[PDB]
């Protein structure tokens, strides 16, 4: 029924749009009016694009925007049935936010995090409602991508998973159940695949462009892995490999040294104008 999204950045704003799009009332919290407005402006822009394409009615864009209430006040979360944290990827911030909501929110509230790399279970333990703590891992762009990885911490109750599953379906998404482990499903498979491509390039086995063509034509992938690395962001790819190696303690997942070098140069991919390809 009523949802709070903590953080009005790229994912936060998209998650807010996704719920609001399906008739849910949405509180959207950030820490300065400027940041809130930036999120509302971004949603508004997305929704204009959709009206412009004839995909929705102008009245629908308005109905959706009116369902979203921006705020800088964390107490606005208190009567919400679901909170989705999409803040900065920093463990102490996660834990601080969840501990506080645990006190601010009514007992029934489910507390979810969109985190890619941090332990749901650890986050849960900072609260006295671990049974109600869960991961809800959306994919960019949140309004469009149907996949949600529903991450169960070891103490996440079946009741909590079931409600989030149903809520996920209710907003037009296709949820999958994942017991907490490093990289969940998608990143666990995909990022090492990008890291493997780096390895091939580093040893002069083939060129950036041949590696990518080989994967596109040979495995029927939409993008080649290096192109994909650039799209996701090489700093993100590296941080993910760092967590896989760190969490597993298995050198299997060691990020390649050439990857480290690209990142240290600021050659992060599309968003910096340069990565494995020049933009």
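Residue numbers count along the first chain shown, from 1.
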- Which of 155 to 163 and 183 to 191 has higher mean CA B factor, as the PDB entry lists it: 155 to 163
- Average Cα temperature factor in the PDB entry - higher stretch of 242 to 250, 55 to 63: 55 to 63
- Query: Between 33, 235, 210, 230, which one tops the list for C-alpha B-factor in the PDB entry?
  - Reply: 33
- Query: For the listed 86, 133, 105, 178, which has the peak Cα B-factor recorded in the PDB entry?
  - Reply: 105
- Relative to the other modelled residues in the chain, which third contains the C-alpha temperature factor of residue 149: lowest, middle or highest? lowest
- Task: Give the position of residue 267 by CA B-factor within its chain, expressed as the lowest, middle or highest third.
- Result: middle
- Comparing residue 79 with the other modelled residues of its chain, is its CA B-factor in the lowest, middle or highest third? highest
- Sort the modelled residues of this chain by their C-alpha B factor and say whether residue 50 lands in the lowest, middle or highest third. highest
- Item | CA B-factor placement of residue 140, once the chain's modelled residues are sorted into thirds | highest
